[PDB]
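See below for the structure under consideration.
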Amino acid sequence: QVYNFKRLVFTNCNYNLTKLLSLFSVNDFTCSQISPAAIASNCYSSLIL
Amino acid sequence: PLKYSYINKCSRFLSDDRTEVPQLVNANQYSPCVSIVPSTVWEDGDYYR
Amino acid sequence: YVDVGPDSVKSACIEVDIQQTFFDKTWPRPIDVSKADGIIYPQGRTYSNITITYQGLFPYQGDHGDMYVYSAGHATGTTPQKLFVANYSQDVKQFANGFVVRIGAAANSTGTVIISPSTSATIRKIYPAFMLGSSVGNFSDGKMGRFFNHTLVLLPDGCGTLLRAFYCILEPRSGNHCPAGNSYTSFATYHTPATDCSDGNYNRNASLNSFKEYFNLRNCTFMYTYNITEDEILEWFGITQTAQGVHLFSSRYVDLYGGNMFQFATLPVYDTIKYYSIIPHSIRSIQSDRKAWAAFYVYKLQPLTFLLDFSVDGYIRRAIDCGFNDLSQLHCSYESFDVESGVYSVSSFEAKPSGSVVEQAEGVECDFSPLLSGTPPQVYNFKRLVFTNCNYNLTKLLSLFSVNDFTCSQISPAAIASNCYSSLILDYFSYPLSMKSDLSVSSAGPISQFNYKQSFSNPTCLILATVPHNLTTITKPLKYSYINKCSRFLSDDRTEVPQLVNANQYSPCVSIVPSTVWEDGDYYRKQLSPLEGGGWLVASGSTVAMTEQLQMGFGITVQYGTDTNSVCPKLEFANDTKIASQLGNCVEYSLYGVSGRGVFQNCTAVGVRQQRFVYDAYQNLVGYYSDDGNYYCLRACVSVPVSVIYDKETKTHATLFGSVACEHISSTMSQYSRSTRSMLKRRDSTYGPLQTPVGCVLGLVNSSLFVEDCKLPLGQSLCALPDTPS
């Protein structure tokens, strides 16, 4: 529920987010302060979902 | 989910029974009100204290 | 969940006896910021032999910290006994952006056994245990420190060589001296050297097992473990929390000798910590073998800024807490640990606030005087007064009667008097006390049925009271009366329909019934017009004999505004300090919503009279006409300018308070510009302030010497000689 959120902290690991995109139909994609393409290609100290 | 649910209010009554303190959720934090709200809202407009 | 393993079999716990007075020791340990004490090394970057400014969470320089000491429990002869521990279990603290600790500080030295100082045993490093969480409260026995939902356990196991972290839920045990059991005193854990920490097989589960005896794990989410080796050299350890989770810092992993702290580990737990406590622990050693343990310290982190002296090896060796004192501030302003000599400007004293002063219109007064004269109405004929936008004191109003019934619905009777509402409404009528059983919004009686009703859409009240012998303007009905029937006969002259009284309304039958009922059981009828559908109004009533003092009833209802609550119990400083004026200090004020801080004084008037606010050409408020008819005027407030003398060659200093004069100067400051004055006090704790032609100074010494150039001149003929060379 909107007040019960699950969180995943990601460190030390490799990803390919388009694999995840294939799993769902996306009806809204908006990113603030970063292009969506860049956030997919950027490397980080952490990724949080 | 049995129903999708959300909290549409979160505030604390002042001990003097005349005023009330609103509690907007903090960034990256659970609202304090989660401690009383059930895992789903049983009926629309339900409230808890 | 996490495979923590089976819980302890027995429900019983070793009894815990609080011996906290044995732990009373004075041994504060201030942060020597110039030695980088407690300094956490910056994240992801390093530097050469250059120095920089830096902002982050650090311990305050003058913070002497909190001290904790662990000790052996009771044991006698060659066997263990009940536990003797401090009251550490009750020490719940507000978690506040992390903290750091000092451990092994007194290692490689000697002290006392503490629980049995009558030994003077040597002391060694011992590791502390802690508990963190978002909620705390009372145990079933009313004991302090109970945590709820999920908690974080920081527990060393067996020897210091093993550290385990746990995130679980704790379940109270019902055994003897156990959290749920009613013989529970205080939670504690323990270690038994006789079998624990064996040289060829250290008991890796020792601490945890004694832990399990008091709590059962119930659903665990996290568990981590760390490999540690023993070393009596002092170590630093700290904890912080961010949106990425809890972070763990230590000097041990990287900087054994310099003490710089590095992010040793991190936790997936991001649940906000609100409370922090320390877990008590005791050693089950043989009485003759009890070993004293080194004192342990804790320091709280704060969002401060520092100069950092980095070594070419990248280690922080020295640091400057900018806000500690004026000198430190200058160092930060010059980004250097060696500022050139001279006189320098420093921030002024803020002065200080006083009790507030507020003026606003008073006396509006919610009407309530009609109740005190004439004869009150029969309960079906009750009279109503509506009040909005006005000031009241119902508890004063009710002291005019003796109250024999004070009740309400959906509001406590006390709360309705103190609560503000958009409106206040009062109904009043004569009412004998003999009928009091019939007066409730829920009553089965004829009074609720036909005479008076109150809506359940608003809080309501009912009051029965009687008239004092000193309310001679109040008069009484020949008999008390009420309607005990009200119905309309249907036009077919056989069917009949009862008319229960409408909430907050007169019964329809009041139109036929007389202002009082002349006799018990009197009844009346009225033919109804064809527009009414025909039929007959029918009503009847009953009476109660008049009494020596009038007996009365009242109804009260209120409406709470969403934002329209204009009716309030305002009092004109009743039971209050009379804040309306001061002669005066630097009081914060509000004048009909105009606000600021300043000194008011009873000065002379300038016009235009009664326009209240006098202003400057820059629109600064200048003064005020009070509604007590006196002009007062406002100087706002002033600050004390400050500067300091710095003698770099001797590395000493002295100060100047500007033009303030020593009448307003004191050994410590109540205002104040900075958290300390102690650097001045290093020599000036023994001397009074001195006046000069510029103004009052500290530590300047009147030598009355004549010198051509001091290189520190204060202007005028004033001068400031350096202390003579070594």
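Here, each number is a calculation from the coordinates, and none is a lab measurement. We place every Cβ from the backbone using ideal geometry, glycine too, and count neighbours over all the protein chains shown.
I need the per residue convex hull volume for the range C:33-148, using only the alpha carbons, in cubic angstrom as a whole number. Write out the running numbers ahead of the final one.
Values: hull volume 22.4 nm³, N = 116.
Taking only Cα atoms, the range C:33-148 has a hull volume of 193 Å³ per residue.
For a Förster distance of 60 Å, can you work out the FRET efficiency between the beta-carbons of C:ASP199 and A:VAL2, rounded to the nearest 0.05?
Working: r = 56 Å, r/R0 = 0.94.
Result of the calculation: an efficiency of 0.60.
Out of the range C:464-544, which trypsin sites (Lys or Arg not before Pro) are coil in DSSP terms and have no more than 15 other C-beta atoms within 10 Å?
Working: sites: C:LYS479, C:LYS485, C:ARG488, C:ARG494, C:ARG525, C:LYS526; in loops: C:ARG494.
Within the range C:464-544, the qualifying trypsin sites (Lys or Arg not before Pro) (loop, at most 15 other Cβ atoms within 10 Å) are C:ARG494.
For the range C:132-275, how big is the tail of P(r) above 23 Å, as a whole percent of Cα pairs?
Values: 4669 of 10296 pairs.
Tail of P(r) above 23 Å: 45 percent of Cα pairs.
Which value at 222 nm does chain C reach when only helices count, each DSSP H run of 4 or more adding -39,500 (n - 2.57), with the total divided by all residues and rounded to the nearest 500 deg cm²/dmol? Could the numbers behind the result be given before it?
On the way: 5 runs with 32 residues, N = 726.
Dividing the helical sum by the residues of chain C leaves -1000 deg cm²/dmol.
Kindly state, as a whole number, the per residue volume in cubic angstrom of the convex hull around the alpha carbon atoms of the range C:232-361. Intermediate values should be presented prior to the final figure.
Numbers: hull volume 40.9 nm³, N = 130.
So the per-residue hull volume is 315 Å³.
Once fully extended, how much extra length lies between C:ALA444 and C:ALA580, figured as 0.36 nm per residue of separation less the alpha-carbon to alpha-carbon distance? If you can, show how the numbers build up before the last one.
Values: separation 136, 0.36 × 136 = 48.96 nm, distance 5.25 nm.
The span from C:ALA444 to C:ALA580 would gain 43.7 nm if fully extended.
Is there a quick way to get the dipole size of chain C? I mean about its Cα centre, with the Cβ of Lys and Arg at +1 and of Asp and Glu at -1; what is the value in debye to the nearest 20? Could you put the intermediate results ahead of the total?
Working: 52 positive and 60 negative charges, 170 e Å.
About 820 debye.
Taking the Cα atoms of the range C:597-726 alone, what are Rg (to one decimal) and Dmax (as a whole number) in Å?
So, for the range C:597-726, Rg and Dmax equal 21.2, 70 Å respectively.
Cut-off is 10 Å between beta-carbons; in what order do C:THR76, C:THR407 appear when sorted fewest neighbours first? Working shown, then result.
Details: C:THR76 10, C:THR407 14.
Placing the least packed residue first, the sequence is C:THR76, C:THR407.
For a quick check of your reading of the filter: which chymotrypsin sites (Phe, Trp or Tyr not before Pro) in the range C:625-726 sit in a DSSP loop and have no more than 10 other Cβ atoms within 10 Å? Write down the numbers at each step before the final one.
Details: sites: C:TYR625, C:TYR631, C:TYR632, C:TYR646, C:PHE657, C:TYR672, C:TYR687, C:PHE706; in loops: C:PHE657, C:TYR672, C:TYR687, C:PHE706.
Those that pass, being in a loop and sparsely packed, are C:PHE706.
Over the Cα atoms of the range C:286-357, what Rg and Dmax result, in angstrom?
21.2, 67
Between the alpha-carbon centers of the range C:202-262 and the range C:522-559, tell me the distance in whole angstrom.
81
Which residues among the range C:468-507 fall inside the zone where the amide N is under 14 Å from a point 7 Å beyond the Cα of C:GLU548, along Cα→Cβ?
Label zone hits: C:468-470.
Take the Cα coordinates of the range C:259-322, assign each an equal point scatterer, and use the Debye formula without solvent to give log10 I(q)/I(0) at q = 0.25, 0.27 Å⁻¹.
Ignoring solvent entirely, the Cα scatterers give -1.24, -1.29.
Of C:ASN484, C:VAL2, C:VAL594, whose Cα points farthest to the positive end of the dipole of the protein assembly as shown (charges on the beta-carbon: +1 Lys, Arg; -1 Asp, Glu; origin at the Cα centre)?
C:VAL2
Within chain C, which is the longest segment containing none of the GluC sites (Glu not before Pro) that sit in a DSSP loop and have at most 15 other Cβ atoms within 10 Å? Present the calculation step by step, with values, prior to reporting the outcome.
Values: sites that count: C:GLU230, C:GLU232, C:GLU335, C:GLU340, C:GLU350, C:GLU362, C:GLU365, C:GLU519, C:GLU548, C:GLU572, C:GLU649, C:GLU663, C:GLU708.
Free of exposed loop sites, the longest segment is C:1-229.
Looking at the calculated P(r) for chain A, what percent of the C-alpha pair distances fall above 14 Å?
Working: 767 of 1176 pairs.
So the pairs more than 14 Å apart make up 65 percent of the total in chain A.
Over all alpha-carbon pairs in the protein assembly as shown, figure out the percentage whose distance exceeds 41 Å. All intermediate terms of the calculation are to be shown ahead of the outcome.
Values: 211126 of 339076 pairs.
Value for the protein assembly as shown (Cα pairs over 41 Å): 62 percent.
Based on alpha-carbon centroids, what's the gap between the range A:6-49 and the range C:605-645 in Å, whole number please?
Going from one Cα centre to the other spans 60 Å.
In nanometres, what is the gap between the two model label sites at C:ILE52 and C:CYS220, each 7 Å from Cα along Cα-to-Cβ?
Label at C:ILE52, label at C:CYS220, 4.1 nm between them.
List the trypsin sites (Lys or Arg not before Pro) in the range C:585-640 that DSSP assigns to loop (not H, G, I, E or B) and whose Cβ has at most 11 other Cβ atoms within 10 Å. Which are they? Display every interim value, and only then the final one.
Numbers: sites: C:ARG597, C:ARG609, C:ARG612, C:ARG635; in loops: C:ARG609, C:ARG612, C:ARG635.
Counting only loop positions with at most 11 other Cβ atoms within 10 Å, the trypsin sites (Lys or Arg not before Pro) in the range C:585-640 are C:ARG609.
Can you tell me how much longer the chain between C:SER341 and C:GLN671 gets when fully stretched, taken as 0.36 nm per residue apart minus their C-alpha distance, in nm with one decimal? Let's see the in-between values first.
Values: separation 330, 0.36 × 330 = 118.80 nm, distance 2.80 nm.
Once the chain is fully extended between C:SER341 and C:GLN671, it gains 116.0 nm.
Would you give the gap between the C-alpha center of the range C:383-431 and the C-alpha center of the range C:145-189, rounded to a whole Å?
Between the Cα centre of the range C:383-431 and that of the range C:145-189, the gap is 53 Å.
Just for the Cα atoms in the range C:100-207, what are the lengths along the principal axes, largest first, rounded to whole Å?
Principal axes ranked by extent give 41, 32, 31 Å for the Cα atoms.
Between C:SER678 and C:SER418, how many nm apart are label points set 7 Å from Cα along the C-beta direction?
About 4.3 nm, to one decimal.
How long are the semi-axes of the equivalent ellipsoid of the range C:470-594, taking √(5λ) for every eigenvalue λ of the Cα gyration tensor, in whole Å from largest down?
On the way: eigenvalues 549, 110, 18 Å².
The equivalent ellipsoid of the range C:470-594 has semi-axes of 52, 23, 9 Å.
Picking from C:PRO508, C:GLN263, C:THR242, whose Cα lies most toward the positive end of the charge dipole for chain C (charges on Cβ: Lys, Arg +1; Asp, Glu -1)?
The listed residue farthest towards the positive side: C:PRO508.
Can you compute the modelled spin-label distance between C:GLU230 and B:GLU43, with each label point 7 Å from Cα toward Cβ, in nm?
About 6.6 nm separates the two model spin labels.
Let me check I have the definition right: for the range C:536-647, take the eigenvalues of the Cα gyration tensor, multiply each by 5, take square roots. What are those semi-axes in whole Å, largest first? Let's see the in-between values first.
Details: eigenvalues 634, 71, 59 Å².
One finds semi-axes of 56, 19, 17 Å for the range C:536-647.
Go through C:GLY38, C:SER174, C:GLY73 and say which Cα lies farthest out towards the positive end of the charge dipole of chain C; charges sit on Cβ, +1 for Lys and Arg, -1 for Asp and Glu.
Of the options given, the answer is C:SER174.
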